[PDB]
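Single chain ahead, by itself, as structure tokens, in the form deposited in one PDB entry.
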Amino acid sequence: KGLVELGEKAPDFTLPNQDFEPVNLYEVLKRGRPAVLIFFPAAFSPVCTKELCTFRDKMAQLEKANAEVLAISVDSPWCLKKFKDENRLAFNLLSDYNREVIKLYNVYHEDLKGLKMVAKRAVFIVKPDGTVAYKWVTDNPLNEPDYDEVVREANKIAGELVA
């Protein structure tokens, strides 16, 4: 209906990447590997702890995953192109500018710091059959995920597929 949970089939979508290339979830899954969807609030925003904030973004750790990584925010393709280039990111960054995918995945903040409908920090690992194998969501947007754990999981799913 507009809800994605563990074991269930992941809903399909098409979002432009940073180069305005339409990227479709089901077309990606037909390539043969699992997909790692990574939702994040904003390109160029820091990550924090008790009170220490930094731009020490370990997002590039995801390139080690034997899975297709699709990183999604509501930022424009042009803004995601700059962020991809500056951080030398090897995976596609997709623009959910019109909020369709964050509504579809139920991964949004109604109002974050006065900004309406920002993506939540969330991960989904989707098998090539379409089924959701892993799910992680947080209510705190400055709480950066454990990317090394996402790679461990992605690789475990990827390995089970070729068993």
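Here, rigid core means the biggest group of C-alpha atoms that superpose within 1.5 Å across both forms. A residue's number is simply how far along the shown sequence it sits, counting from 1.
Higher mean CA B-factor, judged across 38 to 46 and 131 to 139 from the recorded values: 131 to 139. Comparing 2 to 10 with 154 to 162, the higher mean C-alpha B-factor in the PDB entry belongs to 2 to 10. Based on the entry's C-alpha B-factors, the most elevated value among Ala67, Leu94, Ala60, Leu52 belongs to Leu52. In the PDB entry, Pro22 places in the middle third of its chain by CA B-factor.
We do not show the form deposited in another entry, though everything after this point is about it.
When both forms sit on the same rigid core, the CA shifts between this form and the one not shown reach 2 angstroms or more only at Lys64 out of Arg33, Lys135, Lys103, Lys64. Once the rigid core is used as the reference frame, the Cα position of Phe44 differs between this form and the one not shown by less than 2 Å. Once the cores line up, the CA of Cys53 ends up 2 angstroms or more apart between this form and the one not shown.
In that other deposited form, the separation between the C-alpha atoms of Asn155 and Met59 shrinks by 3 Å or more relative to the displayed form. The pair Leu62 and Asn155 is at least 3 angstroms closer at the CA level in that other deposited form than in the present model.
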